[PDB]
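The block underneath contains the structure these notes are about, expressed in C-alpha cells.
Scope of the values below: all heavy atoms of this structure, side chains included, with no hydrogens, waters or symmetry mates. Below, chain A is the first sequence line, B the second, and so on; all start at residue 1.
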Amino acid sequence: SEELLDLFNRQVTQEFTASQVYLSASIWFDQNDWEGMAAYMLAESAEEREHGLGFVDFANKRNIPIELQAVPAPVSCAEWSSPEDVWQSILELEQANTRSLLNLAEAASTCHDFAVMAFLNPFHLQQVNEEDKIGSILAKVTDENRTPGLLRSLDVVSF
Amino acid sequence: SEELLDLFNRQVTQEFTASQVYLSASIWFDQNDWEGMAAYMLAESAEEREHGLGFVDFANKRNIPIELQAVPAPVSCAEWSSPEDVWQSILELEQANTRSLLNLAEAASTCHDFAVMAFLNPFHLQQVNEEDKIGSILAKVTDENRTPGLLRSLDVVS
Amino acid sequence: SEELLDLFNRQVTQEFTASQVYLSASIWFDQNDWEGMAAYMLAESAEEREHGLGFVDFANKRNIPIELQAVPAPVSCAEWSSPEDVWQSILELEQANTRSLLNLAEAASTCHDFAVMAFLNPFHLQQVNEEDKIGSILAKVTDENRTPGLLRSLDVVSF
Amino acid sequence: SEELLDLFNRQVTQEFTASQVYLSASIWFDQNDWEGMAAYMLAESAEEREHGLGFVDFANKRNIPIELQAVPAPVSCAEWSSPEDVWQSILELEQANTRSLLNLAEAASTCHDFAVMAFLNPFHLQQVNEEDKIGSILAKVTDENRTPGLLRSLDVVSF
Amino acid sequence: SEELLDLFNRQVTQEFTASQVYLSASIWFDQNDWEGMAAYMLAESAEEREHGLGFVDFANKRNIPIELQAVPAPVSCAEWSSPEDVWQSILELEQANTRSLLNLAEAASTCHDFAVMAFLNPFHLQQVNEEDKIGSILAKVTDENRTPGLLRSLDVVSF
Ligand SMILES: [Fe+3]
Ligand SMILES: [Fe+3]
Ligand SMILES: [Fe+3]
Ligand SMILES: [Fe+3]
Ligand SMILES: [Fe+3]
Ligand SMILES: [Fe+3]
Ligand SMILES: [Fe+3]
Ligand SMILES: [Fe+3]
Ligand SMILES: [Fe+3]
Ligand SMILES: [Fe+3]
C-alpha cells in the first residue's frame, strides 16, 4: 500500500514537472521568435498543470495523503539550439509521463485498486494521443528544417 | 509484443469480415423483398467497418503496425432460406466478434497493456448490447414466423 | 445474360478492392505523419465503398445476382517509400477502375442493355474527374518534393 | 386508533411490494424479449413506489408513525411461462392493492378520520382506472395469443 | 425514320393505356374495400399519364408528329378476384411498359438518334425502380394473404 501512495504522489510532481518543462520550451521559443510553437507549449504547460490538479482532487476524495514536492528547475533549456532539440525533449517528457502512469497503474493493479485503475483509463488514452501528436510534429519539424528558413513557415502558417 | 500485435491485426480483419457478412445479409434480404431487414443489415455493415477504422486509427497512434489482410468472402448466404437463418448467422457472427475482442483483451491483460485495455472497454460494452439486440430480434422473428405471412408485418411495420 | 452479369458482379469487387487500397494509402501516410494526405485517402476509401454499394443496390433492383467475393489484400504498401510512390499507385488504381467501368459498359452495349448503360453514365464522368484530380495532386507532389521538406507544407496547409 | 395506524403501515408495504412485483414482471418480459411489455411494467414499478412515498409523506405530516417493513421477494416469476401468466398476476396484484386501500378507508371511516378519507379519494379513483386498464390489456393478450406469433407482433407495435 | 416516329407515338399510347389500367385497378380495390391499395393505384395512374405528357412534350419540341390513338378499355378487371391477381396484372403491365421503352431505345440506337436516347435514359432507370417496387409489393401481398385476414391488416397500416 505504501508503494501505491508514493507513486500517486510522485505522479502529481511529474505532471507539475512537465508543466514547468513546457513553460521552459515556451520561453526558449519566444526568445527565439517562434511565437507559434511558444503558444502551443504554453497551452500544454497549462494542461499538464490541470492533469496534476485532477490527481490532487482525486487523491483528496480517496484519502490518498498528498504532500507537494519541489518542482525541479527545467534543465533541457540550457542546451537547446534549434526547434528540433526542443521538440525532441518534449517527446521524451511525454514518454516519461506515460511510463509514470503505467507504473502507477501497475501498482494499482497489484493492490486490486479498481477505483484508481478506472480513474487512470482516460489518462492512458490521452497519453497515446499526445505521444502520437508530438511524434508527428517532431517528424514535420525535422523534415522542414532540411531547407533553410522553411521551418519558419510552419510556425507562422500553422500553430 | 508478438501475440498482442498479431491479435490487434486480426481484430481489424474480423471487423471488416463482419462488415461484409452484414452486407451479404442485406443482399439476401433485398433479393427476397425484406427491405426493412435489408436496411438494418446495411446500417450494421457500415458500423462494423467504422469499428475496424477505429482499431486502425488507434493502432497507428500506438505504433502497432497494421497490415491489411484480404477480407474473406461471406459464405453463409448460399445456405440461407428464410429470415430466421440469416438472423441466426448474424447472432453467431456477433458472438465471434465478442470472442475476438475478449481474446485481444486477455492478451493485453497478460502484457499489462493498460492503454489497449482502456481502449477496448466501450467495445466490450457495445458487444453486450449488440448480442442482446440481435438475440431479441431473432426471438421475435422465430415466433412471428410460426404464422404464414405474419413476419412480413415485422419488416413492413418496423 | 452471362458475361454482363459476371462483369457487374466483379465491378463490386473492383470498388471494394479500391476502397481497401485507399485505406492502405491512409495507413502508410498516418504512419509516416502525413495526416492531411491520410485524411484525403480515408475519405476516398469511404467513397469507393459507396460506389460498390451503389452497384449492389442497382443489381438487387435489376435482379442481377450478386455474390460477394474476397476483397484482396492491398500489396503496394510493401514497396511505398515516399508520398509520390503512394499517389502513383493511387493513379494506377483509378485508371484500372476506369477501364473496368468501360469494359462493363462495352458488355452492356453489346447486350443492348440500355438501363445498365444509363446507370454507368455518371460513373464514367466521375472517373474523368477523379483521374484528373489524382493526376494533378501527383504533379504537385512530384514538383514539391524536389526541395527537402517542402512537401511537408502541402500536407499541413492544403489537405 | 391502533388499527388505523396498522393499516396505514400495511398500505406502505403493499405499494412497495407491488413495486417489486412489477419490477419482476419487467425482468421476466425482458429476459424473454418482450421489451415493450417490460417498459410498461418498469414504469408501473416506479409509479407504485411513488404511491408508497405519497403515503409515507402524508403519514409524517399527520404524525402517523411509519415503520418500514420487509419488502418480500416476488415469487410468481418462478412459475410464469407466457405473457398471459404475467398479466394475470399483475391483475391479481392490482386487485390486492384495491383491497388494501378499501380496508384502510373502512378503518378511517370507523374512526371518523375525515382527513385520511379525503387523502384516499384520488387513490380509490386511480385504482378503478388501473384495474380497468390491466383487465383490458389481459383480454387483448389472451385473444391475440390464440394465433402463434401474433402477440409478439403487438408488443413491437403498441407499448 | 418512320419506325422511330411510329414507336414514339406508340409509347404515348402505352403510357395512357397503363394509366387507365391503374385506374381500373384502383376501382377494383375501392369496390372491395382495399382503400390503401386503391390510393396507391390512383397515384400511379396519374404518374403514368405524366409520363405520357412528357413524351408528348418532347415529341412536339423534336418535331415528331403525335397522333393520339384510342386508349383501350382495360379488360383484366373482368377476372381479378383477389388483390394478388391485381398486383400480378400491374407487374405484367410495367414489364410491358419496360419492353416498349426498350423497343423505342433500339430504334433510336439504330437511327443514331442521340437526343432520343438521352431523353429515354431516366425512364429506363425509373422502370428498373418500378419493376422492383411492384415485384416486392406482390411478394408481400402473396405471403400475407396465406393467413385469412392478414392482408387486410396491412392495406390498413402501410399504403
Ligand atoms: Fe500529463
Ligand atoms: Fe502532456
Ligand atoms: Fe464490430
Ligand atoms: Fe457488431
Ligand atoms: Fe469507384
Ligand atoms: Fe475512385
Ligand atoms: Fe398503488
Ligand atoms: Fe398500481
Ligand atoms: Fe410509364
Ligand atoms: Fe409506371
Side-chain angles (χ1 to χ4, degrees), chain B residues 19 23 26 42 45-46 49 53, chain C residues 4-26 29 36-62 64 66 68-69 71-72 74 76 86-111 113-141 158-159, chain E residues 105 114-115 117-129:
Chain B
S19 184
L23 180 56
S26 85
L42 189 75
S45 180
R49 172 160 186 282
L53 295 180
Chain C
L4 173 70
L5 295 215
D6 186 48
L7 286 191
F8 201 101
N9 190 72
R10 111 96 195 271
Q11 189 57 35
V12 173
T13 311
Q14 175 64 30
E15 295 304 337
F16 290 158
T17 294
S19 173
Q20 286 293 104
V21 173
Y22 275 108
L23 178 58
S24 76
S26 92
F29 278 133
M37 290 171 194
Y40 180 97
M41 289 311 173
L42 192 62
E44 286 301 311
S45 180
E47 165 189 308
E48 290 296 349
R49 179 173 184 270
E50 292 300 317
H51 297 159
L53 298 173
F55 276 79
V56 166
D57 178 42
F58 183 84
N60 290 347
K61 295 185 307 188
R62 233 288 296 272
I64 294 171
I66 285 313
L68 288 173
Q69 300 187 123
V71 187
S76 302
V86 192
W87 288 103
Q88 172 67 44
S89 298
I90 289 308
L91 179 57
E92 297 167 15
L93 173 75
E94 285 299 351
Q95 297 166 341
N97 279 352
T98 300
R99 273 174 334 259
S100 57
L101 286 163
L102 291 176
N103 284 345
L104 180 67
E106 210 61 273
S109 193
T110 296
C111 286
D113 197 320
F114 298 104
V116 167
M117 289 179 284
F119 178 69
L120 292 183
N121 285 338
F123 294 92
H124 300 310
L125 289 179
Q126 179 174 73
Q127 283 310 109
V128 170
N129 290 341
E130 302 256 33
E131 282 191 37
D132 171 66
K133 178 169 204 177
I134 297 304
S136 174
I137 290 161
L138 171 67
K140 300 170 181 17
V141 160
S158 344
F159 296 118
Chain E
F114 297 105
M117 285 190 280
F119 174 70
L120 298 178
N121 284 158
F123 293 89
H124 293 127
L125 292 176
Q126 182 182 26
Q127 278 316 103
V128 171
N129 294 346

Which residues share a side chain to side chain donor-acceptor pair (under 3.5 Å) with [X], sequence neighbours left out:
X         : answer
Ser26(B)  : none
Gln95(C)  : none
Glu92(C)  : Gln88(C)
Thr110(C) : none

Expected list for residues 117-127 of chain C: side-chain donor-acceptor pairs under 3.5 angstrom, two or more places apart:
from, atom 1, to, atom 2, distance (Å)
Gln126(C), OE1, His51(C), NE2, 3.0
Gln127(C), NE2, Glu94(C), O, 3.3
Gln127(C), NE2, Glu94(C), OE1, 2.9
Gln127(C), NE2, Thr98(C), OG1, 3.1

Carefully, step by step, assess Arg62(C) and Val116(C) under the rule side-chain contact (heavy atoms from CB on, under 4.5 Å). CA-CA 9 Å; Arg62(C) 233 288 296 272; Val116(C) 167; 3.8 Å; yes
Spatial distance of atom [atom1] ([X]) from atom [atom2] ([Y]) [nearest 0.5 Å]:
X         : Y         : atom1 : atom2 : result
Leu93(C)  : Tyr22(C)  : CG    : OH    : 5.5 Å
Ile134(C) : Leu138(C) : CD1   : CG    : 9.0 Å
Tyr40(C)  : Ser45(C)  : OH    : OG    : 13.0 Å
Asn103(C) : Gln14(C)  : CG    : CD    : 10.5 Å
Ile90(C)  : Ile137(C) : CD1   : CD1   : 10.5 Å
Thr17(C)  : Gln11(C)  : OG1   : CD    : 10.0 Å

Selection residues 41-58 of chain C - residue pairs positive for salt bridge (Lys or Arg N to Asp or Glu O under 4.0 Å), sequence neighbours left out: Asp57(C)-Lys61(C)
From CA spacing to verdict: side-chain contact (heavy atoms from CB on, under 4.5 Å), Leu4(C), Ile64(C): CA-CA 9 Å; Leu4(C) 173 70; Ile64(C) 294 171; over 6 Å; no
Where [X] and [Y] come nearest, the two heavy atoms and their spacing:
X         : Y         : value
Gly52(C)  : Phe16(C)  : CA-CE2, 3.8 Å
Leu104(C) : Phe55(C)  : CD2-CE2, 3.7 Å
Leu23(B)  : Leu53(C)  : CD1-CD2, 3.6 Å
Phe58(C)  : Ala115(C) : CZ-O, 4.1 Å

One pair to check against side-chain contact (heavy atoms from CB on, under 4.5 Å): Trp87(C) and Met37(C). What are the steps and the verdict? CA-CA 10 Å; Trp87(C) 288 103; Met37(C) 290 171 194; 3.5 Å; yes
Is it true that a side-chain atom of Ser109(C) and a backbone atom of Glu106(C) form a donor plus acceptor pair closer than 3.5 Å? no
Quick check: does any side chain N or O of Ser100(C) sit under 3.5 Å from a backbone N or O of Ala96(C), one acting as donor and the other as acceptor? yes
